[PDB]
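A.B. asks: One structure, pasted below without further comment.
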Number of protein chains: 2
Amino acid sequence: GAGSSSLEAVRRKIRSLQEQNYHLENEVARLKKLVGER
Amino acid sequence: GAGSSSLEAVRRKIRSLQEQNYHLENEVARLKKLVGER
């Protein structure tokens, strides 16, 4: 460890990144689904 | 702690994660604009 604020910062950043990962995945999926073939 | 075991292992991953999703986001940006601005 290191600190509560530090661990929160790192954890929440990488966890939000993972959220962005799955979100962007589905986001662009619907995106290319819409423009690709309707 | 904070040895070579920690440095490269974590750094490599988080480096690539950023790079990967960066390109993805950039793709999404133009794509969503393309389908929106029709």
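We name chains A, B, ... following the order of the structure tokens; residues begin at 1 in each chain, and ligands are numbered from 1 as shown.
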Residues of chain B that have any atom at most 8 Å from an atom of chain A: could you tabulate them with the shortest-distance atom pair and the distance in Å to one decimal, using only C-alpha atoms, ordered by chain and increasing number, as JSON lines?

C.D. replies:
{"residue": "B:21", "atom": "CA", "partner": "A:21", "partner_atom": "CA", "distance": 6.9}
{"residue": "B:24", "atom": "CA", "partner": "A:24", "partner_atom": "CA", "distance": 7.8}
{"residue": "B:25", "atom": "CA", "partner": "A:24", "partner_atom": "CA", "distance": 7.3}
{"residue": "B:28", "atom": "CA", "partner": "A:28", "partner_atom": "CA", "distance": 5.9}
{"residue": "B:31", "atom": "CA", "partner": "A:31", "partner_atom": "CA", "distance": 7.3}
{"residue": "B:32", "atom": "CA", "partner": "A:31", "partner_atom": "CA", "distance": 6.3}
{"residue": "B:35", "atom": "CA", "partner": "A:35", "partner_atom": "CA", "distance": 5.6}

A.B. asks: Can you superpose chain A onto chain B by least squares over all C-alpha atoms paired in order and give the moved copy as a PDB file with C-alpha atoms, in the first residue's frame?

C.D. replies:
ATOM      1  CA  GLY A   1       9.260  -0.569  -5.951  1.00  0.00           C
ATOM      2  CA  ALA A   2       9.096  -4.355  -5.769  1.00  0.00           C
ATOM      3  CA  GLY A   3      10.696  -5.934  -8.797  1.00  0.00           C
ATOM      4  CA  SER A   4      11.615  -5.299 -12.417  1.00  0.00           C
ATOM      5  CA  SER A   5       9.114  -7.795 -13.814  1.00  0.00           C
ATOM      6  CA  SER A   6       6.473  -6.519 -11.410  1.00  0.00           C
ATOM      7  CA  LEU A   7       7.111  -2.861 -12.249  1.00  0.00           C
ATOM      8  CA  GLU A   8       7.141  -3.654 -15.967  1.00  0.00           C
ATOM      9  CA  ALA A   9       3.849  -5.523 -15.640  1.00  0.00           C
ATOM     10  CA  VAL A  10       2.103  -2.742 -13.714  1.00  0.00           C
ATOM     11  CA  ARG A  11       3.611   0.140 -15.698  1.00  0.00           C
ATOM     12  CA  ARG A  12       3.089  -1.395 -19.133  1.00  0.00           C
ATOM     13  CA  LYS A  13      -0.459  -2.392 -18.220  1.00  0.00           C
ATOM     14  CA  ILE A  14      -1.519   1.073 -17.046  1.00  0.00           C
ATOM     15  CA  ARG A  15       0.415   2.754 -19.861  1.00  0.00           C
ATOM     16  CA  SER A  16      -1.295   0.528 -22.421  1.00  0.00           C
ATOM     17  CA  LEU A  17      -4.553   1.371 -20.664  1.00  0.00           C
ATOM     18  CA  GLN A  18      -3.826   5.066 -21.224  1.00  0.00           C
ATOM     19  CA  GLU A  19      -3.082   4.254 -24.863  1.00  0.00           C
ATOM     20  CA  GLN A  20      -6.406   2.421 -25.056  1.00  0.00           C
ATOM     21  CA  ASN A  21      -8.023   5.489 -23.458  1.00  0.00           C
ATOM     22  CA  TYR A  22      -6.883   7.971 -26.100  1.00  0.00           C
ATOM     23  CA  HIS A  23      -7.197   5.382 -28.870  1.00  0.00           C
ATOM     24  CA  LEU A  24     -10.765   4.432 -27.971  1.00  0.00           C
ATOM     25  CA  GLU A  25     -11.623   8.119 -27.621  1.00  0.00           C
ATOM     26  CA  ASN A  26     -10.536   8.886 -31.194  1.00  0.00           C
ATOM     27  CA  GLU A  27     -11.804   5.509 -32.394  1.00  0.00           C
ATOM     28  CA  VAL A  28     -15.360   6.133 -31.205  1.00  0.00           C
ATOM     29  CA  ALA A  29     -15.068   9.774 -32.300  1.00  0.00           C
ATOM     30  CA  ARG A  30     -14.485   8.686 -35.895  1.00  0.00           C
ATOM     31  CA  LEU A  31     -17.078   5.963 -35.339  1.00  0.00           C
ATOM     32  CA  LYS A  32     -19.910   8.294 -34.322  1.00  0.00           C
ATOM     33  CA  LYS A  33     -18.703  10.801 -36.902  1.00  0.00           C
ATOM     34  CA  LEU A  34     -19.133   8.195 -39.640  1.00  0.00           C
ATOM     35  CA  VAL A  35     -22.540   6.850 -38.591  1.00  0.00           C
ATOM     36  CA  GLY A  36     -23.799  10.092 -37.061  1.00  0.00           C
ATOM     37  CA  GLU A  37     -23.406  12.613 -39.859  1.00  0.00           C
ATOM     38  CA  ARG A  38     -21.652  11.888 -43.140  1.00  0.00           C
TER      39      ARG A  38
END
